[PDB]
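Enquirer: Please see the structure below; I have some questions.
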There are 2 protein chains.
Amino acid sequence: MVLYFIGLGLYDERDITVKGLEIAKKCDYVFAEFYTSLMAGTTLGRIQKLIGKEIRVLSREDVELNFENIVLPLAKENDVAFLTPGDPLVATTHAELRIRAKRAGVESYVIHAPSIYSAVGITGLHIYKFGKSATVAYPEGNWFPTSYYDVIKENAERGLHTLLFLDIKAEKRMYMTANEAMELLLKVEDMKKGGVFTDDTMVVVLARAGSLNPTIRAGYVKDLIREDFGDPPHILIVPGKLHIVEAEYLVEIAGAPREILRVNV
Amino acid sequence: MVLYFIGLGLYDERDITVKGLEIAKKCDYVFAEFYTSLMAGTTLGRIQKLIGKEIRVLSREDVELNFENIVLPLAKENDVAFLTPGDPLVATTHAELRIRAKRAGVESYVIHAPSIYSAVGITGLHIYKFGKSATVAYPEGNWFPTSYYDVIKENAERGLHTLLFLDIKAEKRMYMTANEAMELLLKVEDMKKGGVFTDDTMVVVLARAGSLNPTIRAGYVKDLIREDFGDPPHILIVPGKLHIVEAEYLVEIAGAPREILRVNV
Ligand SMILES: Nc1ncnc2c1ncn2[C@@H]1O[C@H](CSCC[C@H](N)C(=O)O)[C@@H](O)[C@H]1O
Ligand code: NA
């Protein structure tokens, strides 16, 4: 008579925690969504096989409009699991689903999993130095999103790093690359000219975190905007003022230009 | 010839990922540290038993001063694992360890696990809204540090939430409670008097993140400062202005007072 929100992790079905696996294995019904993020190293079949259950994948509409109609009803007589990439409550609106669970008289539990939010640590940038986060959204029609631009400005002014979640259009199998994010930002810059994102802006790219050989690159936009970082998902980071050890890591590990060592502090 | 940085997760021995467990099991030597944080929901014996490997515990000094003499040499002819609570490389000085590894001609890989940074998503607060993070440290002798107070100030001023880690003495197994941190912040407020942290300030408390039964409480300081949040470790969060959705979650899930729906939104 309970509902479990269980994260699947960063890259493949093995990024699920042992706790999440044990529980997922003993659930009567298992649902899931693969629109909030992309797990580039696995397939539904592999996940199903690992857990030993058939998985009913739900779409955004099913979830946002009919969660209480498709999932909750079952969480009354059986134990139900709802799986998601990464951590279920990070950079999603899934937290509100717990309210629906409650209002429906259903107990819910959350099993965390490695998230891109903490995986930034592999970039060598101190995680406590990150400021407000943002999402680079694909423009659609005449509507051209720009708010993410100001987040960077506000953080950079405070010497804080900016984590940039990149857009997703799962139904169309479209995953924004760091390259596309950089192009969009240059356009916003050219429009606002606030000094925030230019060819000389040093950025960090993390691609396919959770895999054994993710792509970790750092450098100036002008040099990275056309570089091939491999398949999605990707995240773009605009570092603020760097500590010396951060610069050393970005250089020795992320192939950054030695001149960034000059923190110019 | 390989070094594995493997995350142990949040609370107990099942918080490690499936990938992390399998890789550890195939390693010839297994090290771990519990000075940055502790796995309050388990024990070394249970971790050793689950992994089925002998685990050598390293002190802060063993790591910071002698990592290249204790861990790296064994990684030249064997597969070695280095276990840390949470997600690897989150602790400020751990990234630099990969640099030490490279310098010694040792390949290193990162196996992620849940981190409090992402786990706090269970509080209902939107992750993108967190600003700079800080640690509340106890004063000592003539040293009265208060920077964490300024972090809260700068963040809140911009509508951002502040994640506050509470001081800990690993060796002594002595944690700072949420109640203690609040008293300290009130003392710092009485000194700086910046109208940042008062009896009227609204805060969130998270304890035992990772366990199936964590403690998530929200409310005003004057009602929570003497409340019992359970066994450590505790995490304190000073939210900035709330999105109505965030407040509804704190009210419905964290037992927050209806009052926040109008006062802090
Ligand atoms: N393994 C990975 N590597 C790089 N970026 C990733 C990633 N997983 C997620 N992201 C980034 O985050 C976006 C999804 S946002 C949802 C995040 C998820 N709940 C988590 O906890 O990680 C992607 O479009 C991408 O920009
Ligand atoms: Na953060």
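Determination method: X-ray crystallography, 2.3 Å.
Placement of Cβ uses the backbone N, Cα and C atoms for every residue, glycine included.
The S-adenosyl-L-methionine binding site feature in Swiss-Prot is assigned to A:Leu10, A:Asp87, A:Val90, A:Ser115, A:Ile116, A:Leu166, A:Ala209, A:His234; the stated evidence is sequence analysis.
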Enquirer: When DSSP is mapped onto helix/strand/coil, what comes out for A:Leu166 (S-adenosyl-L-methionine binding site)?
Expert: strand
Enquirer: Translate the DSSP assignment of A:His234 (S-adenosyl-L-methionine binding site) into the three-state scheme.
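Expert: Note: A:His234 (S-adenosyl-L-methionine binding site) is in a strand by DSSP.
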Enquirer: For the binding-site residues listed here, A:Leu10, A:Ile116, A:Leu166, which shows the highest count of neighbouring CB atoms within 10 A?
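Expert: Going through A:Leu10, A:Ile116, A:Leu166 one by one, the largest Cβ count within 10 Å is at A:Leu10.
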Enquirer: Near chain B, which of the binding-site residues A:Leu10, A:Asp87, A:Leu166, A:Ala209 can you find when the cut-off is a Cβ distance under 8 Å?
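Expert: In terms of proximity to chain B, the binding-site residues that count are A:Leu10, A:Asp87, A:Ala209, given in sequence order.
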Enquirer: According to DSSP, folded down to helix, strand and coil, what is A:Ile116 (S-adenosyl-L-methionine binding site)?
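Expert: Note: A:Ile116 (S-adenosyl-L-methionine binding site) is helical by DSSP.
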Enquirer: Give the three-state DSSP assignment (helix, strand or coil) for A:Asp87 (S-adenosyl-L-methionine binding site).
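Expert: Reduced to three states, the DSSP call for A:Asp87 (S-adenosyl-L-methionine binding site) is coil.
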Enquirer: Tell me, how many other CB atoms lie within 10 A of the CB of A:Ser115 (S-adenosyl-L-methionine binding site), whichever protein chain they belong to?
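Expert: A:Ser115 (S-adenosyl-L-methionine binding site) is surrounded by 31 other Cβ atoms within 10 Å.
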